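**Student:** my sequence and its experimental structure, below.
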Amino acid sequence: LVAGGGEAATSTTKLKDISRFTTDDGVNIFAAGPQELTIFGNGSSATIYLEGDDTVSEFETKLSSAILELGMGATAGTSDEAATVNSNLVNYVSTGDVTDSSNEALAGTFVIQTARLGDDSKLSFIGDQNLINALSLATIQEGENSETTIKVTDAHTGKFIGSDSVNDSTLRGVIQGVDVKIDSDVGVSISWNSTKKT
Amino acid sequence: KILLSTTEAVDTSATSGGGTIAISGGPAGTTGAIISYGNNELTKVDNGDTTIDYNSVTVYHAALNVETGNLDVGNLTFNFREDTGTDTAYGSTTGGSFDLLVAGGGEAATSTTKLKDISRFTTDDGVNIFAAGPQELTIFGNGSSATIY
Amino acid sequence: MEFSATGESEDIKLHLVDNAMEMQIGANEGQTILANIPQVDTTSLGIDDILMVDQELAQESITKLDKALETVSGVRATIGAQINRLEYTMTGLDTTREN
Amino acid sequence: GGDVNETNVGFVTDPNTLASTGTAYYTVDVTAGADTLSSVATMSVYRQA
Amino acid sequence: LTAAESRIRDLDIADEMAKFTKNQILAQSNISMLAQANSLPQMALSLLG
Amino acid sequence: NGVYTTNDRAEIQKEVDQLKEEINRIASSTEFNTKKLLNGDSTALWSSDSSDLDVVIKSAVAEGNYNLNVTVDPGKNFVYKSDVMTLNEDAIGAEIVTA
Amino acid sequence: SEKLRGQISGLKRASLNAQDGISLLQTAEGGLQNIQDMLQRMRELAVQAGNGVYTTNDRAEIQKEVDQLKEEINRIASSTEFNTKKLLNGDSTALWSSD
Amino acid sequence: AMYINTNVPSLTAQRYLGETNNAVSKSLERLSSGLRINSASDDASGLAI
């Protein structure tokens, strides 16, 4: 199927041709040279370089690898579940792959998700004003925190000491003078549903 | 103490689907046990491109020390091939042998761990105590004292 | 004209070592400060092949000049951050000395 | 030691308390089906004095 | 734009002059106190001795 | 105040990071007679086996070894969408489409 | 007393070392300021040319002085010095070579 | 308690005089130059704008 210009872009279109990557004066961003993009998350940062000749699929692959470098991706479950989850992190929807009443109900858009819960899943983007404005990111879902049930008992006799149900996973006020922090990647299993794409 | 290994009898001759794993070697030169798997339990099937695949299998191994006889138990996870299979029947697998090297122990202290690798034996400034040289320890009791290096 | 691939790949070798700057900032083995200064010249700024002969290169020239200016500003402000940290850390040494 | 990958193992993860010093190499035979029998072999013994 | 840029040029000189005056006034008091502090101890103790 | 682009804020972040490093150093460098004061060495002393548990000391703690049991109820994450991208006036695109 | 006197001596040494360090950064900042000053005149003379009233000789007249300015900026890039240790020419971070 | 060569107040005065002198010098430099930012360390965001 040959789709002309003036229409949804395809998977092999070069980045120097998209309409959103030219200014009002007709000078594309990639004229001077390759562009930077910095991503902040999980108390870390990463930097990628874009050149005006790569296609969209290369952009998706680079973004997926950069995100997985931060460690936000699937943990060392090391199963095919992890491979599929890693591959379905950044998605591009073509004309022949639209699904009604789903996150991907719009044609030719990038969908971005992460593999952690709550505030840990917030991403921040830094770059040139024109590039950031051209990307025009938007939010369709916001994160929520978890509920942790904690019980404490002695290690030699087993006498009960205390229990709590917390939200930020910080055990406070049960052991005298000590606060304990427990990570949020404990006791969770992740799966991927392609029938609904979630 | 006496330490033994035990083996089970399996058919291991199906249309396809699995294989057997055998761990051997080590500083004690042990010849460990052999285990067998079932059908479609090592390699999965293609889904167009598969974007490269890997399956996971967990293995536990135990060793015995010769002077205190304290047992050490460790685990590993093998990742097996992307996607095999006959003409949409059951799967496929490849046999052979290769060599493996280890570094560190994991998240615990093993019986044969080197004393310069314990995280508790370094200060907050990044310098380890033993870098300068040997240390002295004194024990007092019952009106007597002793010193060790 | 016809250009063709040679057909035999080429091999190159590169040697790289570090020459960073150390700063002793304490009275015991271990506490220090590291210092580095990025290499800056015409080649680093990427304006080696700027040309002014015809009425077509000035626009690219202006773009490249903007990029070089923002890079130099970033470097200078990094140096400023370093100097501010050192100024703040100088006085605690004398306070501890008095105590 | 010298041997080429005749099998289809990608890599190994999660090494945890599997002893250490990594010098006496390990043999991880992956055989593709062979009849197995019931048997026993003495692994080790330990005496103090 | 040149009005906008000429808002980070320099402070209204009056505040700078005030800071300078206060600092210059306080310096002399520091000097006098340091002189008396140096004077006191040797003299007093050698008087005791 | 929004008059700054998304680069000035990263520039500020660099200096903020340096100040954080300095405060960490001064927290971890205090000393008297080989006795570190502020580094939690004056009240208690803790250690655990897991690599995902953090402990902060506030006041006097009692003693002993404890066993903890955890149960989890999950939440949700953030989902972002980018905008529609189209072609220019002179572009040609091809795709493999099924019907 | 021995431990305290040793620590005091170390403190004095670090106190001197701090200012000894700060001087170098001040010098580098001055040099970078001069470079930044030149680049802006380069930009203004760049936006100068680009008008069509001028023949191909006026642009050559501009080009000669632009080349001279580039040579001067290269000289100032390669001329900075402190105690027989060049700063800006990548001799403070790394060292590379190839055949 | 009277001692010999233990003049801690002299050290305190020396330190305070140090801050006073540095502040005076910086104020003099700013006034002579007639510019707010100067150098590169007074403000990190004004330079780019």
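**Tutor:** In hand now; what should we look at? Numbering: from 1, shown residues only, chains lettered A, B, ... in the order given.

**Student:** which residues in chain D form strands?
**Tutor:** D:9-16, D:26-31, D:40-45 (DSSP state E).

**Student:** the last one close to chain B?
**Tutor:** Just to be clear, that refers to strand D:40-45. Yes: looking at strand D:40-45 against chain B by C-beta under 8 Å from any C-beta of the partner chain, the contacts come from D:40, D:41, D:42, D:43, D:44, D:45. (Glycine included, C-beta is placed from N, CA and C.)

**Student:** let me know which of the strands of chain D is tucked in deepest.
**Tutor:** Each of these was scored by mean neighbour count; the highest is strand D:26-31, a mean of 19, by mean count of other C-beta atoms under 10 Å in any protein chain shown.

**Student:** and the angle for that one with strand D:9-16?
**Tutor:** Strand D:26-31 and strand D:9-16 are oriented at 130 degrees to each other (axes from the mean of the first three to the mean of the last three C-alpha atoms, to 10 degrees).

**Student:** near chain B, anything from strand D:26-31?
**Tutor:** Yes: contact of strand D:26-31 with chain B is found when judged by C-beta under 8 Å from any C-beta, involving D:26, D:27, D:28, D:29, D:30, D:31.

**Student:** what sits up against that strand?
**Tutor:** Contacts of strand D:26-31 from elsewhere in the structure, counted by C-beta atoms under 8 Å, 6 or more residues apart in numbering or on different chains, are B:19-26, B:78, B:94-102, D:7, D:9.

**Student:** how about the helices in the chain?
**Tutor:** Let's take chain A. For chain A, the helices defined by DSSP state H cover A:56-69, A:80-87, A:129-135.

**Student:** chain E is the one I meant
**Tutor:** Ranges of helices in chain E, per DSSP H, are E:2-5, E:13-48.

**Student:** then chain F?
**Tutor:** Residue ranges of the helices in chain F, as given by DSSP H, are F:8-29.

**Student:** tell me the one of the residues of strand D:40-45 next to chain B nearest chain E?
**Tutor:** Proximity of the residues of strand D:40-45 next to chain B to chain E, judged by C-beta to the nearest C-beta, is greatest for residue D:44, which lies at 78.1 Å.

**Student:** mind checking which helix or strand residue G:33 is in?
**Tutor:** For residue G:33, the element it lies in under DSSP states H and E is helix G:2-48.

**Student:** whichever helix or strand comes after that helix packs against which elements?
**Tutor:** Counting by DSSP H and E, the element after helix G:2-48 in chain order, helix or strand, is helix G:56-79. Helix G:56-79 makes packing contacts with helix C:42-45, helix G:2-48 when contacts are defined by 3 or more C-beta pairs under 8 Å, 6 or more residues apart in numbering or on different chains; DSSP states H and E.

**Student:** next SSE after the first one?
**Tutor:** Following helix C:42-45 in sequence order, the next helix or strand is helix C:58-98 (DSSP H and E).

**Student:** picking up where we left off before, pick the one among the residues of strand D:26-31 next to chain B closest to residue B:15.
**Tutor:** For residue B:15, the nearest member of the residues of strand D:26-31 next to chain B is residue D:31. The distance, counting by C-beta to C-beta, is 16.9 Å.

**Student:** picking up where we left off before, how about the residues of strand D:40-45 next to chain B in JSON lines, adding distance to chain E?
**Tutor:** Rendered in JSON lines, the data for the residues of strand D:40-45 next to chain B read as follows (distance: C-beta to the nearest C-beta, whole Å):
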{"residue": "D:40", "distance to chain E": "86"}
{"residue": "D:41", "distance to chain E": "84"}
{"residue": "D:42", "distance to chain E": "85"}
{"residue": "D:43", "distance to chain E": "79"}
{"residue": "D:44", "distance to chain E": "78"}
{"residue": "D:45", "distance to chain E": "80"}
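
**Student:** report the two of these separated the most.
**Tutor:** The two members of these with the most space between them (C-beta to C-beta) are D:40 and D:45, at 14.2 Å.

**Student:** SS state for residue H:22?
**Tutor:** Secondary structure for residue H:22, judged by DSSP: H, G, I helix; E, B strand; the rest coil, is helix.

**Student:** near it, how many other residues are there?
**Tutor:** 11 (other C-beta atoms under 10 Å in any protein chain shown).

**Student:** any idea how far residue A:55 is from chain G?
**Tutor:** In this view, residue A:55 and chain G are 33 Å apart by C-beta to the nearest C-beta, to the nearest Å.

**Student:** make that residue C:49, sorry
**Tutor:** Separation of residue C:49 from chain G (C-beta to the nearest C-beta) stands at 11 Å.

**Student:** ok, now residue A:79?
**Tutor:** From residue A:79 across to chain G, the span is 42 Å (C-beta to the nearest C-beta).

**Student:** which secondary structure state is assigned to the residue nearest to that residue when sequence neighbours are not counted?
**Tutor:** The shortest distance from residue A:79 to any residue that is not its chain neighbour, by C-beta to C-beta, 6 or more residues apart in numbering or on different chains, is 4.8 Å, and that residue is residue B:56. Remark: residue B:56 carries the secondary structure label strand [criterion: three-state DSSP].

**Student:** now do the contacts for residue B:56.
**Tutor:** Taking C-beta under 8 Å, 6+ apart, we find residue B:56 in contact with A:77, A:78, A:79, B:77, B:78, B:79, B:80.
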